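Listed next as C-alpha coordinates is one chain, alone, in the form deposited in one PDB entry.
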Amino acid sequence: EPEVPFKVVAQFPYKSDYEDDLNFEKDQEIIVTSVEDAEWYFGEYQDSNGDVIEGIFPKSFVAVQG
(Lines give C-alpha, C1' and ligand atoms only; values in the text may rest on other atoms or scores of the structure.)
Protein backbone atom coordinates (compact mmCIF):
# COMPACT_ATOMS: atom_id res chain seq x y z
CA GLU A 1 0.00 0.00 0.00
CA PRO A 2 1.18 3.60 -0.04
CA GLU A 3 2.36 4.89 3.32
CA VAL A 4 0.04 7.29 5.03
CA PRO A 5 -1.04 9.95 4.19
CA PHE A 6 -2.40 9.08 0.79
CA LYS A 7 -5.49 9.81 -1.33
CA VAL A 8 -8.31 7.44 -2.12
CA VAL A 9 -11.59 7.93 -4.00
CA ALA A 10 -14.90 6.40 -2.86
CA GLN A 11 -16.27 3.89 -5.38
CA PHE A 12 -19.60 3.56 -3.51
CA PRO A 13 -21.27 5.64 -0.81
CA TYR A 14 -20.51 4.61 2.77
CA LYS A 15 -23.33 5.69 5.11
CA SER A 16 -23.66 4.07 8.53
CA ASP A 17 -25.11 4.51 12.00
CA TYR A 18 -21.75 4.58 13.85
CA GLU A 19 -20.46 7.72 15.49
CA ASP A 20 -16.77 7.09 14.97
CA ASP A 21 -17.28 6.17 11.29
CA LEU A 22 -16.43 8.47 8.37
CA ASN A 23 -19.37 8.60 5.96
CA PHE A 24 -19.31 9.89 2.39
CA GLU A 25 -20.95 9.84 -1.02
CA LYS A 26 -19.74 8.13 -4.15
CA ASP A 27 -16.73 9.84 -5.83
CA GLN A 28 -15.54 11.57 -2.58
CA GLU A 29 -11.77 12.04 -2.41
CA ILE A 30 -10.47 11.15 1.07
CA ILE A 31 -7.03 11.42 2.73
CA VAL A 32 -6.14 8.18 4.52
CA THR A 33 -4.24 9.16 7.68
CA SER A 34 -4.04 5.76 9.40
CA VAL A 35 -4.36 2.14 8.42
CA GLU A 36 -6.26 0.52 11.35
CA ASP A 37 -6.07 -3.11 10.20
CA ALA A 38 -6.55 -5.20 7.08
CA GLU A 39 -10.17 -4.01 6.75
CA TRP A 40 -10.37 -0.42 7.94
CA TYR A 41 -8.82 2.96 7.12
CA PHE A 42 -9.05 6.14 9.18
CA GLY A 43 -9.11 9.36 7.24
CA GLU A 44 -10.62 12.69 6.46
CA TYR A 45 -12.08 15.07 3.92
CA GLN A 46 -13.38 18.62 3.87
CA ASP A 47 -17.15 18.70 3.42
CA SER A 48 -19.01 21.37 1.51
CA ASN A 49 -19.41 23.40 4.70
CA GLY A 50 -15.57 23.66 4.79
CA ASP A 51 -15.37 21.45 7.82
CA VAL A 52 -12.90 18.61 8.09
CA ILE A 53 -14.56 15.42 9.15
CA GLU A 54 -12.79 12.26 10.08
CA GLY A 55 -13.34 8.64 11.03
CA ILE A 56 -12.96 4.98 10.12
CA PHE A 57 -14.31 3.37 6.93
CA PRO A 58 -13.77 0.12 4.99
CA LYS A 59 -10.88 -0.05 2.52
CA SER A 60 -13.20 -2.01 0.20
CA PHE A 61 -15.32 1.11 -0.51
CA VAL A 62 -12.43 3.11 -2.00
CA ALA A 63 -9.68 2.92 -4.62
CA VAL A 64 -6.19 4.36 -4.35
CA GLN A 65 -6.01 7.61 -6.28
CA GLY A 66 -4.18 7.28 -9.61
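Note that residue numbering begins at 1 and tracks the sequence as displayed.
Missing here is the form solved in complex with a partner chain; even so, the following discussion is about that form.
- Interface residue remark: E54 is not counted as part of the site for its partner chain in the entry with it bound, having no heavy atom within 4.5 Å.
- Its partner chain in the entry with it bound comes within 4.5 Å of no heavy atom belonging to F6.
- Its partner chain is not drawn, but in the entry with it bound it has a heavy atom within 4.5 Å of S60.
- Looking at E44, you'd find every heavy atom of it more than 4.5 angstroms from its partner chain in the entry with it bound.
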